[PDB]
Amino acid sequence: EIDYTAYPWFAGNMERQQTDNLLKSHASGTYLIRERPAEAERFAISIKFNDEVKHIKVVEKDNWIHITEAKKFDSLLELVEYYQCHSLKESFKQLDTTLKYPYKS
């Protein structure tokens, strides 16, 4: 298995409120992957863009991992690694940013 605690963008289990305060002051492109407290073993991407903190569901269906149906990956790591180099705009027109800065900076 993959130990995600070794990555500077993994916040573990964390509420949305706790995330909004952690990313409100950082630059656009600052992000973190967190476990949703209300959904066990389901994760979300939280990305700072403009002056808001967006939250994207990480869906797991039919052994694929994806934030959009049109682009799927074999693991959460491959998903995060892809959007570190490709903007979210390709599937979220209002989110023209990559996963630029891990929130542990």
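From 1 onward, residues are counted along the sequence shown.
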task: Using the B-factors recorded in the PDB entry, average over the C-alpha atoms of 64 to 72 and of 45 to 53, then report which stretch comes out higher.
output: 45 to 53
Mean C-alpha temperature factor, higher of 36 to 44 and 22 to 30: 22 to 30
task: Just say lowest, middle or highest third for the CA B-factor of residue 17 relative to the other modelled residues in its chain.
output: highest
statement: Binned into thirds over the chain's modelled residues, the C-alpha B-factor of residue 85 lands in the lowest
